[PDB]
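Enquirer: Opening piece of a complex, kept in its complex position:
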Amino acid sequence: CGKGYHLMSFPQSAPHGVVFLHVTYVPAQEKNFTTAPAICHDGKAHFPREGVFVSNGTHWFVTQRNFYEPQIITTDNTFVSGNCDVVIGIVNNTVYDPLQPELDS
């Protein structure tokens, strides 16, 4: 159904056959990043739920795999499994908690 990620398609009639018009989605402009498998926060390994960890040199974010949309790393979009001693390439970073600003207010 077309070269790329298939989106929608249309038929058209023709003599002795049919013609399809395949609408597809293709990525356009990419840029390099530095990535990590997990993040070690006070002895807990955090993995992304639906996404991938990225870095703009100094700060760490989590974003979609098919579109660059940075978000703050939070326990809402990450889940905890195991320790920091088994994952190869786990980095040290902090994980934001949503209850902290709403507990003091």
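Expert: Yep, that arrived. Residues are numbered from 1 along each chain as shown, chains lettered A, B, ... in the order given.
Enquirer: residue ranges of the strands in chain A, please?
Expert: A:5-14, A:17-25, A:39-41, A:44-48, A:52-55, A:60-63, A:78-80, A:91-92 (DSSP state E).
Enquirer: can you tell which of these is closest to residue A:72?
Expert: strand A:60-63 (7.3 Å; CB to CB). Where you see a C-beta, it was placed from the backbone N, CA and C, and this is true even at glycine.
Enquirer: Not counting its own residues, what contacts the closest one?
Expert: Here strand A:60-63 makes contact (CB atoms under 8 Å, 6 or more residues apart in numbering) with A:36, A:39, A:48, A:51-55, A:69-73, A:77-78, A:91, A:93.
Enquirer: give me that answer again for 7 Å
Expert: Applying CB atoms under 7 Å, 6 or more residues apart in numbering, the external contacts of strand A:60-63 come out as A:39, A:48, A:51-54, A:69-71, A:73, A:77, A:93.
Enquirer: to the structure above, add chain B:
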Amino acid sequence: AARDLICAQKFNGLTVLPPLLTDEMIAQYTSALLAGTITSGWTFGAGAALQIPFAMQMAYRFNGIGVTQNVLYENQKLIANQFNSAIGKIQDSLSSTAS
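Expert: With chain B added, the chains above now look like this:
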């Protein structure tokens, strides 16, 4: 020497044409497909080739079949050893059996 088979085939008007692509060009195409698949993943078949580490690509592959991606990162050495043993088993089975 003696009478061959293709030579008597040729002498009676039967001609075999060479293929358009040689074997080294097919090997170059196969090498390009391997170099795309190992490095970029499935991204090179849908546009521009975007690099990714192979552990994170294999985590995407495990996440596609319904297994959580933490199973890879806690069993990476075992999975690499199993893949290497399977590749060696295919090599030995091709070297031994000719059928």
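Enquirer: and the contacts of strand A:60-63, now that chain B is part of it?
Expert: A:39, A:48, A:51-54, A:69-71, A:73, A:77, A:93 (CB atoms under 7 Å, 6 or more residues apart in numbering or on different chains).
Enquirer: Please check the residues you listed and keep the buried ones.
Expert: A:39, A:48, A:51-54, A:73, A:93 (16 or more other CB atoms under 10 Å in any protein chain shown).
Enquirer: which one of these sits closest to residue B:61?
Expert: Using CB to CB, the buried ones among the contacts of strand A:60-63 come closest to residue B:61 at residue A:52, 14.0 Å.
Enquirer: need the residues of chain B near chain A, please.
Expert: B:46-48, B:50, B:55-56, B:69-70, B:73-74, B:76 (CB under 7 Å from any CB of the partner chain).
Enquirer: change it to 10 Å
Expert: B:41, B:43, B:45-53, B:55-56, B:59-60, B:63, B:68-77 (CB under 10 Å from any CB of the partner chain).
Enquirer: one step back: and the contacts of strand A:60-63 as a markdown table, adding distance to residue B:23?
Expert: Below are those laid out as a markdown table (distance: CB to CB, whole Å):
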| residue | distance to residue B:23 |
| --- | --- |
| A:39 | 48 |
| A:48 | 44 |
| A:51 | 44 |
| A:52 | 40 |
| A:53 | 43 |
| A:54 | 43 |
| A:69 | 46 |
| A:70 | 48 |
| A:71 | 50 |
| A:73 | 51 |
| A:77 | 50 |
| A:93 | 51 |
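Enquirer: That's all I had, so thanks and see you.
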